[PDB]
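Here the protein sequences come in this chain order: R and P. The deposited numbering applies: residue 92 is where the first sequence begins, and numbers increase by one. The deposited numbering applies: residue 183 is where the second sequence begins, and numbers increase by one. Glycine included, C-beta positions come from ideal geometry on N, C-alpha and C. The structure appears right after this line, and notes come after that.
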Amino acid sequence: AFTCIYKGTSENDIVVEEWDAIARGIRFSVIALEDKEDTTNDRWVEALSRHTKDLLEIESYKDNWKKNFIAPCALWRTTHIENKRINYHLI
Amino acid sequence: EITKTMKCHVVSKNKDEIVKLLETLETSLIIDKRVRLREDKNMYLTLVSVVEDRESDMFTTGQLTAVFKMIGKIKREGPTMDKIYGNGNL
């Protein structure tokens, strides 16, 4: 499956006289062609996606979109990670 | 003092594998707070801060940014007073 997204329209509303017709190009797009898993090794993203699914009762995709997302939906991802050795025993 | 902000990449066809590899590398660098510069086990690179930016491009930029510092010592010696001697008079 997939999920097209509306994006716009062709440059103008052309007229083709030799064919005796008028034409207009609607412009769609599809997301994440190469993703097929919807899994992650980020435990935090898994935890918050589970939390969002339980609280909100909608789909909750992990780090990257999938081509067949079911609107409405949410996507939790990590953008930045900062580790810190606060103490000898703690991180 | 010599400081270097060394950035690291992780490439793989499986992006979840990239995440796992970065996670284990970060945890290793943190729990072991220094790295052996050479196998002689005399120099060391004490870690300052390791940070990952998952949005950053896999190839051009690199996910993980680490900052290491090292303290050298100026290599100068001199003669030593091994033996001292003296006499007494009045």
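Strictly under 7 Å for the Cβ-Cβ distance: is residue i near chain R by that measure?
| i | result |
| --- | --- |
| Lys195(P) | no |
| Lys255(P) | no |
| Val232(P) | yes |
| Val192(P) | no |
| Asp214(P) | no |
| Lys251(P) | no |
| residue 128(P) | Here chain P comprises residues numbered 183 to 272, so residue 128(P) is not present and cannot be evaluated. |
| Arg218(P) | no |
Would you say residue i faces chain P, with C-beta separation under 7 Å as the test?
| i | result |
| --- | --- |
| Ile172(R) | yes |
| residue 269(R) | There is no way to answer for residue 269(R), as the model of chain R reaches only from 92 to 182. |
| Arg176(R) | yes |
| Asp133(R) | yes |
| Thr169(R) | yes |
Do you know whose CA, among the options, lies nearest residue i's CA?
| i | options | result |
| --- | --- | --- |
| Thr169(R) | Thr143(R), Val107(R), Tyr97(R), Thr131(R) | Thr131(R) |
| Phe160(R) | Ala123(R), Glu108(R), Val106(R) | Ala123(R) |
| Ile172(R) | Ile105(R), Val136(R), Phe93(R), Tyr152(R) | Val136(R) |
| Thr100(R) | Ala92(R), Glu150(R), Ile117(R), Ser140(R) | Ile117(R) |
| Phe93(R) | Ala162(R), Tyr179(R), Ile177(R) | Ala162(R) |
| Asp235(P) | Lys186(P), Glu183(P), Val192(P), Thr185(P) | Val192(P) |
Give every residue of the same chain whose Cβ lies closer than 8 Å to the Cβ of residue i, excluding the five residues on either side of it in the sequence, and list them in chain order.
| i | result |
| --- | --- |
| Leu147(R) | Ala165 |
| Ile212(P) | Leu229, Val232 |
| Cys95(R) | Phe119, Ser120, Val121 |
| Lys153(R) | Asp129, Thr130, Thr131, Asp133, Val136, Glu137, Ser140, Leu166, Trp167, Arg168 |
What are the residues that DSSP puts in a beta bridge with residue i?
| i | result |
| --- | --- |
| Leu272(P) | Looking at the DSSP assignment, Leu272(P) forms no beta bridge with any residue, so it has no partner. |
| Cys95(R) | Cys95(R) pairs with nothing; no bridge assigned. |
| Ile184(P) | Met252(P) |
| query | Can you give, in chain order, each stretch of the beta strand (DSSP E) that sits fully within the stretch 111-181 of chain R and has at least 3 residues? | reply | For the stretch 111-181 of chain R, whole beta strand (DSSP E) runs of length 3 or above, ordered along the chain, are 117-120, 150-152, 164-166, 171-173.
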